[PDB]
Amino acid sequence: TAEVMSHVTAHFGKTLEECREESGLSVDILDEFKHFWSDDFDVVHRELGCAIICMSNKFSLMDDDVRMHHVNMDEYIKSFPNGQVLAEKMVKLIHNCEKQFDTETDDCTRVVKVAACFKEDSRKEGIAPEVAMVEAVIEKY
């Protein structure tokens, strides 16, 4: 659900700043990872794709070929409250996007294209949070 995705996003986003330099991702492109979900944030920059690799690697969410590791992704998602309701759908949805971009061999570019597809399909399927839901989780600390 969108509520569960808010919790996943809020945690996943904590590795933005440590990944910023190696990805070449300007603050001007993305200042806080929660804005990934803004209606009018365009998910396009190769640097954001590099950042997403870097952030995923932190939680072993990538397989040897820089695609989603399905098992580790499922385990990550179920580590959040009610995570089991989202885990099957989210893997299926991401993997479907990956197949559409399998002919992009540049890893950063492939991953940003996959991220954009995942955002769009997440809205269609009802698992996209609003920024305010993401902020509400972050704000409990």
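The first residue of the sequence shown is number 1, and the count goes up from there.
Taking the mean C-alpha B-factor of each stretch as recorded, 24 to 32 and 87 to 95 are not equal, and the higher mean is that of 24 to 32. Remark: stretch with higher mean C-alpha B factor among 65 to 73 and 100 to 108 is 100 to 108. When the modelled residues of the chain are ordered by their C-alpha B factor, residue 78 lands in the lowest third. For residue 127, the recorded CA temperature factor ranks within the middle third of the chain's modelled residues. Per the deposited record, the Cα B-factor of residue 113 falls in the lowest third when ranked against the other modelled residues of its chain. Per the PDB record, residue ranking by Cα B-factor puts residue 120 in the middle third of the chain.
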